[PDB]
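Student: here are the coordinates; sequence isn't available:
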Ligand SMILES: COC(=O)CN1CCN(c2nccs2)CC1
């Protein structure tokens, strides 16, 4: 189990750790989060009391270094930083753990929710989508636009998701226009899986990472990327059976975790109705369709 | 964006454009089989591609053999239209290619857009106008070339005959759409109006009769009456 120490909490903030969250008051004796499960990526995220605008946060993996949060009063935010001095990091962590000034990551033992949401997400791929090479952790916020969004404006602060566009020459083989537009298997299996992603695990990792950024930061282009990646599979007549089975599990836990009150902005009626009821894969997502019909029948 | 009444004069500016209509590409007759079921038999069709400024009509004839062994023909018909329009554009010299293509039905947008990805500068647009181009098959000489064709074939016409010698393209298009509207609402009455007087002939190289200016005003008046009539007969007014 690992630990993220906070130097201090000078401004009142709601703090998120993965799917959990808690309120810290202005100048409360808070010094961070302990008992974080090793083995998974994690995200720690913030929403100031005074300004609910800008949710923002850091993706990290504790196996990749010792990280802490320090509030910067010039830039006005909780910043993640790396401590190089290990022995000195152990001393600080040990001192606040003795004084019980840390919240415990509150995982229930029965609970595979975070594993299920992050099964294919890897820090190395996150850092290629979020380009800031001098740090081992990645910063994301509500307002960051995607590469494809900038094509339709600061490139250093963008989300470099894999561009998917159903009416593009990449997607459509000369002389197969109708075949490739109505059945996207060429685009999925040859262009994207074999050519770009290399395997379905990397594909599923980007898809999971886009959903999480949509849900935790309300990031619109992430939401667009998550639906586009679902639609590309649902609209392909030929998909490996193992990929359909895992997709159904993946979306099932995404739909289960989504706040009920955010469904109206995080779910695209057209894509979901198409995917569950009209597409080639309309009968292949048994768990996802059952949870969608019982939780959000309004959308359908 | 869409083409409507507000931006109607844009059709007669100097930017090359084409209307594409696909309503006559896939045509069938429905009949009973010996076992009393229903079946369709396809008949020849055509894509109606028109330059509204010049009157040039590129009539691609769709022979029934193109449907042989195919499924979901109404969907294929749209893609076949887009394939043929794309092939036409590519056959034209660059200075002859359109800058816009306006489709008369919104189901053609995606098929045409996908077929034209190589031409990012050509704008593909729908329209809010309810243009009567489906009545092109009521023009006798056009119906005849379609029905006689034994193979795929492109024929070139000028749908304004020589009218541009005497009137602007805005008035020629208004005349054409009034004639086609009439032919669509009541073909028989419309055709009687056009041909009643035997001393007004259709030249061998024309589609319509050789009316004088005064006679075109009379003719145009008679077509309006027909359309208003049928609209009463139809709505009892
Ligand atoms: C040279 O400057 C410094 O050493 C200042 N930092 C000391 C280490 N601090 C950390 N808190 C927890 C783990 S590491 C944050 C402040």
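Tutor: Structure received. Numbering: from 1, shown residues only, chains lettered A, B, ... in the order given.
Student: use CA for all of it now, contacts and neighbours both
Tutor: Noted.
Student: quick one: contacts of stretch B:5-19?
Tutor: Residues outside stretch B:5-19 that contact it (Cα atoms under 8 Å, 6 or more residues apart in numbering or on different chains): B:48-53, B:96-104, B:128-129, B:169-170.
Student: Now name the helix or strand holding the residue nearest to residue B:50 when sequence neighbours are not counted.
Tutor: Counting by Cα to Cα, 6 or more residues apart in numbering or on different chains, residue B:50 lies nearest to residue B:57, which is 4.5 Å off, once chain neighbours are set aside. When elements are assigned from DSSP states H and E, residue B:57 belongs to strand B:56-62.
Student: Would you give the sheet partners of that strand, along with the direction of each?
Tutor: If you go by DSSP bridges, strand B:56-62 pairs up with strand B:45-50 (antiparallel), strand B:153-158 (antiparallel).
Student: Which strands or helices does the helix or strand just after that strand pack on?
Tutor: For strand B:56-62, the following helix or strand on the C-terminal side (DSSP H and E) is helix B:73-91. The contact analysis (3 or more Cα pairs under 8 Å, 6 or more residues apart in numbering or on different chains; DSSP states H and E) places helix B:73-91 against helix B:109-115.
Student: The ligand: which of the strands paired with strand B:56-62 is closest?
Tutor: strand B:45-50 (72.3 Å; Cα to the nearest ligand atom).
Student: Can you tell me what sits against that closest one?
Tutor: With Cα under 8 Å, 6+ apart, strand B:45-50 has contacts from B:18-27, B:56-64, B:81, B:85, B:133, B:136, B:146.
Student: what angle do it and helix B:73-91 make?
Tutor: Strand B:45-50 runs at 50 degrees relative to helix B:73-91, counting by axes from the mean of the first three to the mean of the last three Cα atoms, to 10 degrees.
Student: follow-up on the earlier one: need the residues that contact the strand holding residue B:57.
Tutor: Taking Cα under 8 Å, 6+ apart as the rule, strand B:56-62 contacts B:25-26, B:44-51, B:84, B:146, B:149, B:152-159.
Student: Now list the buried members of those.
Tutor: Taking 16 or more other Cα atoms under 10 Å in any protein chain shown as the criterion, what is buried in the contacts of strand B:56-62 is B:25-26, B:44-51, B:84, B:146, B:152, B:157-159.
Student: Now stretch B:93-109: buried residues?
Tutor: So for stretch B:93-109, counting by 16+ other Cα under 10 Å, buried means B:97, B:98, B:100, B:101, B:102, B:103, B:104, B:105, B:108, B:109.
Student: what's the answer for stretch A:134-144, then?
Tutor: Within stretch A:134-144, the residues scored as buried using 16+ other Cα under 10 Å are A:136, A:137, A:138, A:139, A:140, A:141, A:142, A:143, A:144.
Student: Determine which two of those residues are furthest apart.
Tutor: Farthest pair in these (Cα to Cα) is A:136 and A:143. Separation: 21.6 Å.
Student: Surely residue A:258 is in contact with residue A:215?
Tutor: Yes - applying Cα atoms under 8 Å, one finds residue A:258 in contact with residue A:215, separated by 7.2 Å.
Student: residues near the residue in the stretch 101-250 of chain A that the ligand sits nearest to, how many?
Tutor: The minimum distance from the stretch 101-250 of chain A to the ligand, using Cα to the nearest ligand atom, falls at residue A:102 (12.0 Å). Using other Cα atoms under 10 Å in any protein chain shown, residue A:102 has 21 other residues around it.
Student: can you tell me how far it sits from chain B?
Tutor: 57 Å (Cα to the nearest Cα, to the nearest Å).
Student: dump the residue contacts of residue A:13.
Tutor: A:23, A:24, A:25, A:26, A:46, A:47, A:48, A:49.
Student: among those residues, which ones are buried?
Tutor: A:24, A:46, A:47, A:48.
Student: list the contacts for the first one?
Tutor: If a contact means Cα under 8 Å, 6+ apart, then residue A:24 has A:9, A:12, A:13, A:14, A:15, A:30 as its contacts.
Student: Which residue is the nearest non-sequential neighbour of residue A:193?
Tutor: residue A:199 (5.5 Å).
Student: Burial check on the one you found, number of neighbours?
Tutor: Counted with other Cα under 10 Å, residue A:199 comes out at 13.
Student: Including secondary structure, could the contacts of residue A:13 go into CSV?
Tutor: Output for the contacts of residue A:13, formatted as CSV (DSSP: H, G, I helix; E, B strand; the rest coil):
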residue, secondary structure
A:23, strand
A:24, strand
A:25, coil
A:26, coil
A:46, strand
A:47, strand
A:48, strand
A:49, coil
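Student: Columns distance to the ligand on top of those, output as TSV?
Tutor: Putting those into TSV (distance: Cα to the nearest ligand atom, whole Å) gives the following:
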residue	distance to the ligand
A:23	20
A:24	18
A:25	19
A:26	19
A:46	18
A:47	21
A:48	21
A:49	23
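Student: ok, the residue positioned nearest the centre of chain B - contacts?
Tutor: With distances taken as Cα atoms, centre = their mean, residue B:133 lies nearest the centre of chain B, 3.7 Å away. Shown here is residue B:133, whose contacts under the criterion Cα under 8 Å, 6+ apart are B:21, B:48, B:177, B:180.
Student: Kindly report the same for residue A:145.
Tutor: Residue A:145 neighbours (Cα under 8 Å, 6+ apart): A:153, A:157, A:158, A:159, A:220, A:221.
Student: what's the nearest residue to the fifth one if we skip its chain neighbours?
Tutor: The shortest distance from residue A:220 to any residue other than its chain neighbours is 6.3 Å, reached at residue A:214 (Cα to Cα, 6+ apart).
Student: Checking my notes, the one you found in a helix, right?
Tutor: Yes - assessed by three-state DSSP, residue A:214 belongs to a helix.
Student: my read: it touches residue A:222, true?
Tutor: Yes - in this structure, residue A:214 is within contact of residue A:222 by Cα under 8 Å, at 5.2 Å.
Student: Neighbour count: those two, which is higher?
Tutor: A count of neighbours by other Cα under 10 Å puts residue A:222 above the other of residue A:214 and residue A:222, at 27 against 22.
Student: got the contact list for the closest residue to residue A:237 other than its chain neighbours?
Tutor: Nearest residue to residue A:237, sequence neighbours excluded (Cα to Cα, 6+ apart): residue A:280, at 5.3 Å. The contact partners of residue A:280, taken as Cα under 8 Å, 6+ apart, are A:234, A:235, A:236, A:237.
Student: Which strand or helix spans residue A:205?
Tutor: Secondary structure assigned from DSSP H and E places residue A:205 in helix A:200-217.
Student: could you give the angle of the next helix or strand after that helix to helix A:200-217?
Tutor: Downstream of helix A:200-217, the first helix or strand assigned by DSSP H and E is helix A:220-234. If you take the same axes, to 10 degrees, helix A:220-234 sits at 140 degrees to helix A:200-217.
Student: Could you tell me which residues within helix A:220-234 count as buried?
Tutor: Buried-residue list, helix A:220-234, by 16+ other Cα under 10 Å: A:220-234.
Student: filter those residues by proximity to the ligand?
Tutor: When Cα under 6 Å from any ligand atom is applied, no member of the buried residues of helix A:220-234 is adjacent to the ligand.
Student: I'd like to know how many residues surround residue B:144.
Tutor: 12.
Student: do residue A:290 as well
Tutor: Neighbour tally, residue A:290, other Cα under 10 Å: 12.
Student: So what's the residue count around residue 121?
Tutor: As the question left the chain open, I've gone with chain A. For residue A:121, using other Cα under 10 Å, the count is 22.
Student: Wait, chain B was what I had in mind.
Tutor: Neighbours of residue B:121 under the rule other Cα under 10 Å: 11.
Student: repeat for residue A:258
Tutor: Residue A:258 has 17 neighbours, counted by other Cα under 10 Å.
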